[PDB]
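Asker: Quick one: experimental structure and sequence below.
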Amino acid sequence: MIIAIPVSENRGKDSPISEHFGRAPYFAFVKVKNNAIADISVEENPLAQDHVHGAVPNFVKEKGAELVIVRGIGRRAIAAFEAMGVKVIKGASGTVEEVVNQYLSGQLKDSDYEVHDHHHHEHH
């Protein structure tokens, strides 16, 4: 798995979480190897506060990912996940090296949100 985290700044491990994934300035895609971080990719956003389209997620959907750990987020970014079943854990607060601990520590989670009665079309 790779683990996305929108951060206010590229500060490696010390990257403090941003709220709004859809206009995060950087994406700290951490990894895991068995049960340890393995590796880090805090890459720039190609679209932090720029074109404003469905292309912020189109980028991270090439970045090989599996999990996302986000504070605020919104439905267009959920629709990125939802192309690829890419888990979106929500409600984190703190720093990237700690988010990854809070999840591995079992605490961090994604509640219950996949009611199958209603939609707004799909729309790719």
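Answerer: Good, I have the coordinates. Residues are numbered from 1 along each chain as shown.
Asker: What is the burial count for residue 117?
Answerer: Using other CB atoms under 10 Å, residue 117 has 4 other residues around it. Every residue, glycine included, has its C-beta placed from N, CA and C.
Asker: check contacts around it.
Answerer: Applying CB atoms under 8 Å, 6 or more residues apart in numbering, we find residue 117 in contact with no residue.
Asker: does it sit in a helix or strand, and which one?
Answerer: For residue 117, there is no enclosing helix or strand under DSSP states H and E.
Asker: sec struct for residue 83, please.
Answerer: helix (DSSP: H, G, I helix; E, B strand; the rest coil).
Asker: Correct me if wrong: it contacts residue 58.
Answerer: No: under the criterion of CB atoms under 8 Å, residue 83 makes no contact with residue 58, lying 9.6 Å away.
Asker: where along this structure do the strands fall?
Answerer: Secondary structure of the chain (DSSP state E): strands located at 2-4, 6-7, 26-31, 40-44, 67-70, 87-90.
Asker: nearest to residue 102, of those?
Answerer: Ranking the strands of the chain by their distance to residue 102 (criterion: CB to CB) puts strand 67-70 first, at 8.3 Å.
Asker: Please name every helix or strand in contact with that closest one.
Answerer: Other elements packing on strand 67-70 under the criterion 3 or more CB pairs under 8 Å, 6 or more residues apart in numbering; DSSP states H and E are strand 2-4, helix 75-84, strand 87-90, helix 96-104.
Asker: Among those, which comes closest to residue 44?
Answerer: With respect to residue 44, and counting by CB to CB, the nearest of the helices and strands packed on strand 67-70 is strand 2-4 at 13.6 Å.
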